[PDB]
């Protein structure tokens, strides 16, 4: 029963439901999942298991429940993110030109320029097209990446 913490950044619940859906399929895959907002584990990234990070973007900025996390992530880097084996899923809309998936991307790559155990490559959802396709692709690939990594 490995520890799967799922954090979300959400203003209108798309990312939050996706997060809770993941935690629901984890339970089915024997994990010990935990769901919470992003900027509530700001600094408290799990040094064991893995942490799925599901977040939206708002005009290039983090959702209201994710701002503390990212800021902590941006400037603060001292309290390194070593040990933290994560993965990032992006909720975005192509209708937002130059800012497409900017927050998930920021978090993903920033987390790595601080000591990443990126076990599964980021995943993106375009609300303007086939968000469940991509969410589905990233998910199946995802479980396996973490599967092989640890246990089965």
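Positions refer to the first chain, counted from 1.
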Q. On average, are the C-alpha B-factors higher in 88 to 96 or in 113 to 121?
A. 113 to 121
Q) If you average the CA temperature factors over each stretch, which comes out higher, 58 to 66 or 26 to 34? A) 26 to 34
(Q) Among the modelled residues of this chain, does the Cα B factor of residue 16 put it in the lowest, middle or highest third? (A) lowest
Q: Going by the recorded CA B-factors, say which third of the chain residue 101 sits in, lowest, middle or highest.
A: lowest
Q) What third of the chain, by the recorded C-alpha B-factor, contains residue 7? A) lowest
Q. Once the chain's modelled residues are ordered by C-alpha B factor and cut into thirds, is residue 48 in the lowest, middle or highest one?
A. highest
